[PDB]
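Every number here is computed from the coordinates shown, using simple stated rules; none is lab data. Positions of Cβ are backbone-derived with ideal geometry, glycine not excepted, and every protein chain shown enters the neighbour counts.
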Amino acid sequence: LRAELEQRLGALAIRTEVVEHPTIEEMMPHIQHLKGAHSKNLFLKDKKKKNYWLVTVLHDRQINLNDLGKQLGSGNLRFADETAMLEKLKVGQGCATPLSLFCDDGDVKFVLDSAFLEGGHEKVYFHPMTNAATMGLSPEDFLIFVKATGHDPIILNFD
């Protein structure tokens, strides 16, 4: 649940900023404080090796699946069934992917776009294991968090 995520962030001394989702007027009042780097999250699986892994890239990143597989593992990477994501990361249709990987210990690798750590954006935004809000936090503290969950990420650059 989200409470466990906030509890582990407080244990790691990571201060965040959460804007609660429920009309362009509310989104305009909340948009003024929301300014940073958003993301699109992919949960992929290798047919051959039968290992699930997680990819987090920028929201506007154009991406080819077979080319991404070629960078890591010929296109053998396919999208993973939502049942797998539900049983592995306790979420479904809510891709709170960096904030929900604290459950999987060694069965899900983490791929992160390099542009989240480089660039002039003060905070990055992800869901806190629910679609009813968005949590924003510093990219370096976010890297500290994802490394504290046992997932040494594999940073790769697209530019």
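Can you return the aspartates and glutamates within cross-link range of residue 50? Criterion is Cα-Cα under 14 Å, with same-chain partners fewer than 8 residues away left out.
The qualifying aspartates and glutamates are 81, 107.
How would you rank 2, 15, 61, going from fewest to most other Cβ atoms within 10 Å of each one's own Cβ?
Details: 2 17, 15 9, 61 13.
Listed from fewest to most nearby Cβ atoms, that is 15, 61, 2.
Computed on alpha carbon atoms, what radius of gyration and Dmax characterise the chain, expressed in Å?
Expressed in Å, the Cα Rg and Dmax of the chain come to 15.6, 49.
Greater than 22 Å separation of Cα atoms is the criterion. Which listed pairs, 45/70; 70/123; 48/90; 45/123, meet it?
Details: 45/70 14 Å; 70/123 30 Å; 48/90 24 Å; 45/123 29 Å.
From 45/70; 70/123; 48/90; 45/123, over 22 Å: 70/123; 48/90; 45/123.
How many angstrom lie between the Cα centre of the range 29-49 and the Cα centre of the range 87-122?
Rounded to whole Å, the Cα centres lie 8 Å apart.
Which semi-axis lengths, in whole Å and largest first, follow from the square roots of five times the eigenvalues of the Cα gyration tensor of the range 7-94? Please list the in-between numbers first.
Details: eigenvalues 191, 64, 37 Å².
Result for the range 7-94: semi-axes of 31, 18, 14 Å.
Straight-line reach from residue 35: which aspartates and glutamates fall under 12 Å, measuring Cα to Cα and dropping same-chain residues less than 8 apart?
17, 122
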